[PDB]
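J.: First the structure, which I've put down as structure tokens, then a few questions once you've had a look.
What follows is calculated from the coordinates using simple rules that are stated; it is not laboratory data. Neighbour counts run over all protein chains shown; Cβ positions are idealised from the backbone, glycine included.
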Amino acid sequence: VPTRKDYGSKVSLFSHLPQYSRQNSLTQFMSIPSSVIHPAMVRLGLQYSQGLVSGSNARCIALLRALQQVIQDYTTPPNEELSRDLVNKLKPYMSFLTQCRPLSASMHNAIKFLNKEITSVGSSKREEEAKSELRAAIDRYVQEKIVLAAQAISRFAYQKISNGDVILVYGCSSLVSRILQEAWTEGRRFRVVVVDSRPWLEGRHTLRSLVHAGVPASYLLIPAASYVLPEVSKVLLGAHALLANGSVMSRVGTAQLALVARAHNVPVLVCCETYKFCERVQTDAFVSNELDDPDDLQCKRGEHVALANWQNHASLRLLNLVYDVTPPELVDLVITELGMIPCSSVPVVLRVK
Amino acid sequence: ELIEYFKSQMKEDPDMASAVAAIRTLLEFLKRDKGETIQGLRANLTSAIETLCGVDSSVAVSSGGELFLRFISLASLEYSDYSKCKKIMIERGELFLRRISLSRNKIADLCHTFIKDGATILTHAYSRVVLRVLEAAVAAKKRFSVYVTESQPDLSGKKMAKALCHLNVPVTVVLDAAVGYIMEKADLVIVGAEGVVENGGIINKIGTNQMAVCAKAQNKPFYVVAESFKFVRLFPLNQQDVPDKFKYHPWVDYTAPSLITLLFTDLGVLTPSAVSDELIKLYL
Amino acid sequence: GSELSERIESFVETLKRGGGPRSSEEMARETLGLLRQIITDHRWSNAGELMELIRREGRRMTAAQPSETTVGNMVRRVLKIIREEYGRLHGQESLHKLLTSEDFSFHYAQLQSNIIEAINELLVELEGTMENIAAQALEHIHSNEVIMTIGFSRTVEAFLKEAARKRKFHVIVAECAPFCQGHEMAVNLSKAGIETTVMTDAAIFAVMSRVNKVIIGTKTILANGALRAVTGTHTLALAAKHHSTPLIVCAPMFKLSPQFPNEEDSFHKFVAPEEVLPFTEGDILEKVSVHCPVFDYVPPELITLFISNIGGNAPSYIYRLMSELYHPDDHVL
């Protein structure tokens, strides 16, 4: 498998991060009937590259379904044990998926759990029995780590929402949308303020999700967040990962919103599951991040595009960050499936399980 | 029913806390209970905890009730007979009541070391734990000054000042509005707590949050002395998030853990990040 | 044998008179070896007598030098190890134990052997600690970054020289005024081509506006997450907090002391005033009070991260690590 090529000139501060282009892909230098990589893995990597699956739990679910299909299509070779052979076989697939798009924390945790489950397979176990048990374990993981873990968080966040509240959300989040919909269904009467940002503009995925539910929702961009915050009662933010030092790694417009919310005495709430907890730490968005396609910053304002041909200018760089890190002092409450714990109890949950 | 009269008569010892008396009443009514099922016992004791909290609106009573319910649920997981389990619960409750009575001295002998000679301490209201800590330091041949706030709602600082004068300690009574005036003349702030919330903050007399803010603004260390049975799983986001059942002019308020330096419990000297750890390990 | 007596006396006088092992790692290693020799070359029927003699030895060692907390840490670690081995061969305080609930007079033959093996593992862990901190270099240092360090620390030196073989950044070293040991670290870093700069302490704030990250080490870590560092480190922490600059601490696991900041008037190490004010000043030395404290106290709220052989942690979790290394009955020793 050939390595993916870099596109454009990266920033000096982010020169250690890969920057790819959505237009080009690796499937041009691969077999049409895939042989080295599994066809399901190739489809998943193409969907990750084209941006068809652009979430956090959705990416993990798609990866787990592709892994289930691979295990179902897996056949152990002679003279080899399944425990080592499957682990050695699933490594190039993860390398190709990382080449397509940098993996998320949920995907890393799922890969680690599946590797542990495969390594913990006995030798005397039959092939079909082991494959069926692995599929059942993946199904139970999906059930009790995403589906069952969201209902507990929705039930815990219901007692924190009161009548007449003004909740401010940001971007697109499955857990936040589910919590708001269930709170409106239970009987709570409030209104939501949706904040969005360029170039993904995924906040509209939540806005039209609330109007279809009946919740009165407003829409505005992230530069106008300090104007609407004086009327906001509480801020509900989604988390892509909770680091071992209490910091919150999420969409690039999260730490800024939490900082501006602190200046207005607005409590900041973070919702995340226990399967997204990382044992690693991070103090700034410079050591580990993701550089998306820099051609997405181009916008047509008026008649022409100011960034139509930015490659001609030598000293012109286009930075398109994806993730950012929020310090623990800006987070007031963290809602998980175990209960409402402070932002400093992240290692404890990492130690219990 | 006529259960509150046993809890009121249980508080004939002026040094006994409210949560301790509530737990003693709960254990007595568990001993005198004639039920034959664990579910009926749990229901009766939840109703009794509600009746006791209806009289005393303190957070310590609710904390002790939740702790007793958790102890019952933990002891009802090993034997599953309600007779063996009942005897084990009686023995464990006796041991727990014996161990709780030794928490005040355990906090005092461990916290009195943080007081230097010629220091100046600042207290808000009357607290038996703070009084024991102060009387344990004067017994160790230490000299210091104490400034006690008046606690305008009900004059509790005057009682603390009288106790300190009886203990031969130089104490000066200040007004509730002068806390920001003498804060520069104090070395440390030692206050009590009626309940420790999940995040590490405290729930104490109304004139505690402003004093904590003034101490943080002047880099003054803010120490809190409280027992372990006051750990309650509450997460107030602000002053309005505190339940009205505890505030009733409010009688109590919440102080965030960002303004607290250390906590001195019978479990030892902990940080505001250790209460949530114990609450998670207990599975309350 | 009296050889153990000669060794103990020589170690006590070497700690009390001057400096023996000039590195915390070698100090912990010799402490562990001396404790192992005491365990082997002594007669104890039960674990109680062994624990008592080990406690007495650790107490006299800490009385020889109170600031050298590594000896006490190793003694408490050996005590905790003996405790686990006794509890395993026989058959912490929290809310769960306070709601759902012991002497060492029993005798066991192979127990001692087990203990030895346990000490053995600790020994090997030592020669990992340094690199177990160094291997995490690239995870906290990116290219074209300005880093400031104070004093001479072998751990921070290894960290920087391991992060420089694949990245290139800026390093500034502020030499301490009493003991100008930052010059040696600056020369050792410049020998590897890291673009090192040397400065004094008075300029620590002056250049603080042009520093992206501060990485330091310490002598020991308290139970509340505080630090006992070289003098001038509290000023560096205050300057980093003023500019919201992250402060990273490289320290292994044998630098954790269960003591709390309540032993004032003896926390800092005071040396002869010859380093601050020379003897050739004249008659003014009879009316001038000169104090030269070596160590200083750093509060936990001025620290951002702790890097150890187990990884990266926050100060607000240090209280747990102590509970995983020492027993609450061995805090006073």
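J.: In whole Å, what is the distance between the alpha-carbon centres of region B:67-125 and region C:194-227?
T.: Here the answer is 43 Å between Cα centres.
J.: Let me ask something additional. What is the spin-label model distance, in nm, from A:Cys299 to B:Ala178 if the labels are put 7 Å beyond Cα along the C-beta direction?
T.: 6.0 nm
J.: Let me ask something else about it. Go ahead and run the numbers for FRET between B:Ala139 and C:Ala63, Cβ-Cβ distance against an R0 of 25 Å, rounding to 0.05.
T.: Using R0 = 25 Å, I get an efficiency of 0.45.
J.: Still on this structure, please answer the following. Mind listing which chymotrypsin sites (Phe, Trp or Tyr not before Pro) in region B:56-116 are in a DSSP loop and have 14 or fewer other Cβ atoms within 10 Å?
T.: On the way: sites: B:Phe68, B:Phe71, B:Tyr79, B:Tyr82, B:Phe96, B:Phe114; in loops: B:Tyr79, B:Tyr82.
Filter output for region B:56-116: B:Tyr79.
J.: Quick check: Cα centre of region B:1-22 to Cα centre of region A:142-199, how many Å?
T.: 44 Å
J.: Additional query: Which percentage, to the nearest 5, of the DSSP beta bridges contained in region C:214-333 is antiparallel? It would help to have the intermediate numbers written out before the result.
T.: Numbers: 10 of 17 bridges.
Among the beta bridges of region C:214-333, antiparallel pairing accounts for roughly 60 percent.
J.: Under 8 Å for C-alpha pairs, at least 6 residues apart: give me the relative contact order for region A:153-353, rounded to a whole percent. Write out the running numbers ahead of the final one.
T.: On the way: 376 pairs, mean separation 44.4, N = 201.
Dividing the mean separation by the residue count of region A:153-353 yields 22 percent.
J.: Between A:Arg351 and C:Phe279, take the C-beta separation as r, use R0 = 56 Å, and let me know the FRET efficiency to the nearest 0.05. Mind dumping the intermediate values first?
T.: On the way: r = 56 Å, r/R0 = 0.99.
Using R0 = 56 Å, I get an efficiency of 0.50.
J.: Placing +1 at every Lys and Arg Cβ and -1 at every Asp and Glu Cβ, with all other atoms neutral, what dipole size does chain B have around its Cα centre, in debye to the nearest 20? Before the final figure, lay out the partial values.
T.: Numbers: 34 positive and 32 negative charges, 131 e Å.
About 640 debye.
J.: At a 10 Å Cβ-Cβ cut-off, how would you order B:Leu67, C:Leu333, fewest neighbours first?
T.: In order of increasing Cβ crowding within 10 Å: C:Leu333, B:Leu67.
J.: Shifting gears a bit: Cα gyration tensor of region A:153-353, axes a ≥ b ≥ c as square roots of the eigenvalues: rounded (a/c below 1.5), prolate (a/b > b/c) or oblate? Intermediate results must be reported in sequence, preceding the final value.
T.: Details: a/c = 2.13, a/b = 1.29, b/c = 1.66.
The shape class here is oblate.
J.: Give the Rg/Rh ratio for region B:32-159, taking Rg as the radius of gyration of the Cα atoms and Rh as the Kirkwood radius, to two decimals.
T.: Values: Rg = 20.4 Å, Rh = 18.0 Å.
Computed over Cα atoms, the ratio is 1.13.
J.: Something else about it: Using the C-alpha gyration tensor of region B:222-284, what are the square roots of 5 times its eigenvalues, in whole angstrom, with the largest one first? Walk me through the intermediate numbers first.
T.: Numbers: eigenvalues 91, 42, 25 Å².
Largest first, region B:222-284 gives 21, 14, 11 Å.
J.: Which whole-Hz ³J(HN,Hα) couplings does region A:316-331 yield from phi under the Karplus relation 6.51 cos²θ - 1.76 cosθ + 1.60, θ = phi - 60°, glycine and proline marked x?
T.: 10, 10, 10, 9, 10, 6, 10, 10, 8, 10, 9, x, x, 6, 8, 9
J.: Would you please give the residues with an amide H less than 5 Å from that of A:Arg280, counting only those at least 5 places away or on a separate chain, with H modeled from the backbone geometry?
T.: Hits under the 5 Å cutoff: A:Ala244.
J.: In the Gaussian network model of chain A, springs joining C-alpha atoms below 10 Å, which of A:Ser124, A:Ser49, A:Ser21 carries the largest mean-square fluctuation?
T.: Among A:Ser124, A:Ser49, A:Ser21, the largest GNM mean-square fluctuation belongs to A:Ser124.
J.: What dipole magnitude, in Debye to the nearest 20, does the protein assembly as shown give about its Cα centre under +1 on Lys/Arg Cβ and -1 on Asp/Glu Cβ?
T.: Numbers: 105 positive and 106 negative charges, 382 e Å.
So the dipole magnitude of the protein assembly as shown works out to roughly 1840 debye.
J.: Continuing with this model, one more query. Please report how many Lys pairs in region B:107-282 have alpha carbons closer than 12 angstrom, counting only residues at least 8 apart along the chain or sitting on separate chains. If you can, show how the numbers build up before the last one.
T.: Details: B:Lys116/B:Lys141; B:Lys116/B:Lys142; B:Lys185/B:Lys220; B:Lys205/B:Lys247.
The result is 4.
J.: Here's something else I'd like to know. Once Rh for region A:1-152 is found with the Kirkwood sum over Cα pairs, what is the Stokes-Einstein diffusion coefficient at 20 °C and 1.002 mPa s, in µm²/s? Spell out each step's value before the answer.
T.: On the way: Rh = 16.9 Å.
Using the Kirkwood radius from Cα pairs, D works out to 127 µm²/s.
J.: Right, next: Using alpha carbon centroids, what distance separates region A:286-322 and region A:15-52, in Å?
T.: Computed from Cα coordinates, the inter-centre distance equals 23 Å.
J.: Counting other beta carbons within 10 Å of each residue's own, what order do C:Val332, C:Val276, A:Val268, B:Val275 fall into, fewest first? Kindly include the intermediate steps, with their values, before the conclusion.
T.: Details: C:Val332 9, C:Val276 13, A:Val268 24, B:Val275 30.
Ranked by crowding around the Cβ, least crowded first: C:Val332, C:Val276, A:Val268, B:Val275.
J.: Report, as an integer, the average count of C-beta atoms from other chains found within 10 Å of each Cβ along A:280-291. Write down the numbers at each step before the final one.
T.: Values: counts 4, 12, 4, 8, 5, 0, 5, 7, 2, 0, 0, 0.
The mean count of partner-chain Cβ atoms within 10 Å per residue comes to 4.
J.: Take the Cα atoms of region B:107-282, find their three principal axes, and give me the spread along each one in whole Å, biggest first.
T.: Ordered largest first, region B:107-282 gives principal extents of 41, 34, 27 Å.
J.: Among A:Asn57, A:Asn320, A:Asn79, which one shows the biggest mean-square fluctuation in a GNM of chain A, springs joining Cα atoms closer than 10 Å?
T.: Greatest mean-square fluctuation among the candidates belongs to A:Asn79.
J.: In terms of the Cα gyration tensor, with a ≥ b ≥ c the square roots of its eigenvalues, is chain C rounded because a/c is under 1.5, prolate because a/b exceeds b/c, or oblate? Kindly include the intermediate steps, with their values, before the conclusion.
T.: Values: a/c = 1.96, a/b = 1.51, b/c = 1.30.
Note, shape of chain C comes out prolate.
J.: Any idea what the dipole of chain C comes to, in debye rounded to 20, about its Cα centre with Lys/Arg Cβ at +1 and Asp/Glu Cβ at -1?
T.: Working: 33 positive and 43 negative charges, 174 e Å.
With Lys and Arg at +1 and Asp and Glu at -1, about 840 debye.
J.: Just want the answer: with Cβ charges of +1 for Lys and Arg and -1 for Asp and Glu, which residue in A:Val268, A:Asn289, A:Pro216 is farthest toward the dipole's positive end in region A:153-353?
T.: A:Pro216
J.: I've got another one for you. Find the relative contact order for region C:156-292 and round it to a whole percent, using C-alpha pairs within less than 8 Å whose residues are 6+ positions apart. Don't skip to the end; give the middle numbers.
T.: Numbers: 149 pairs, mean separation 27.7, N = 137.
Computed value for region C:156-292: 20 percent relative contact order.
J.: Wrap a convex hull around the Cα atoms of chain A, take a quarter of its surface area, and give that in square nanometres. Before the final figure, lay out the partial values.
T.: Working: hull surface 82.6 nm².
One quarter of the hull surface, i.e. the mean projection, equals 20.7 nm².
J.: Compute the distance in nm between two label points, each set 7 Å from the Cα along the Cα-to-Cβ direction, one at A:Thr75 and one at A:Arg140.
T.: Between A:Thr75 and A:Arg140, the simple spin-label model gives 2.9 nm.
J.: Which translational diffusion coefficient, to the nearest whole µm²/s, is obtained for region C:159-305 from the Stokes-Einstein equation, given a Kirkwood hydrodynamic radius over C-alpha pairs, 25 °C and 0.890 mPa s? Write out the running numbers ahead of the final one.
T.: Details: Rh = 17.1 Å.
This corresponds to a translational diffusion coefficient of 144 µm²/s.
J.: While we're looking at this one, here's another question. Per residue of region A:53-68, what does 6.51 cos²θ - 1.76 cosθ + 1.60 with θ = phi - 60° give for ³J(HN,Hα)? Whole Hz please, x for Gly and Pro, Karplus curve as stated.
T.: So the J values, rounded to whole Hz, are 10, 10, x, 10, 6, 5, 4, 5, 5, 5, 4, 5, 5, 4, 5, 4.
J.: Relative contact order for region C:247-333: what is it in percent, counting Cα pairs under 8 Å that are at least 6 residues apart?
T.: Averaging sequence separation for qualifying contacts and normalising by length gives 40 percent for region C:247-333.
J.: Place +1 on the Cβ of every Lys and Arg and -1 on the Cβ of every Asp and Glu in region A:54-102, take the dipole about the Cα centre, and give the residue among A:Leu86, A:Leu67, A:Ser54 whose Cα lies farthest towards its positive end.
T.: Going by the charge dipole, the pick is A:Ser54.
J.: When the helices in the protein assembly as shown are scored as -39500 (n - 2.57) per DSSP H run of 4 or longer and the sum is shared across all residues, what 222 nm value do you end up with, to the nearest 500 deg cm²/dmol? Don't skip to the end; give the middle numbers.
T.: Working: 33 runs with 393 residues, N = 970.
Computed ellipticity for the protein assembly as shown at 222 nm equals -12500 deg cm²/dmol.
J.: What residues have an amide H closer than 5 Å to that of A:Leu168, excluding those fewer than 5 places away on the same chain, when H is modeled at 1.01 Å from N in the peptide plane?
T.: Answer set, sorted by chain and number: A:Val193, A:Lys234, A:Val235, A:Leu236.
J.: Further question on the same structure: Would you list the P(r) distribution for the protein assembly as shown, with all Cα-Cα distances sorted into 20 Å bins from 0 and each bin expressed as a whole %?
T.: Pairs per bin, as whole percents: 11, 38, 39, 12, 1.
J.: Across region B:3-106, what fraction of all alpha-carbon pairs, as a whole percent, falls in each successive 5 Å bin from zero upward?
T.: For region B:3-106, the binned pair fractions read 2, 12, 25, 26, 19, 11, 5, 1 percent.
J.: Considering the dipole of the protein assembly as shown built from charges on the beta carbon (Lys and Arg +1, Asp and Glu -1) around the Cα centre, which of B:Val173, C:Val187, B:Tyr79 is farthest to its positive end?
T.: Positive-most Cα among the choices belongs to B:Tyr79.
J.: Could I ask something else about it? Quick one: 3J(HN,Hα) in Hz for region B:92-108, Karplus 6.51/-1.76/1.60 with θ = phi - 60°, rounded, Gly and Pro as x.
T.: 5, x, 4, 5, 5, 5, 5, 7, 6, 5, 9, 6, 5, 5, 5, 6, 5
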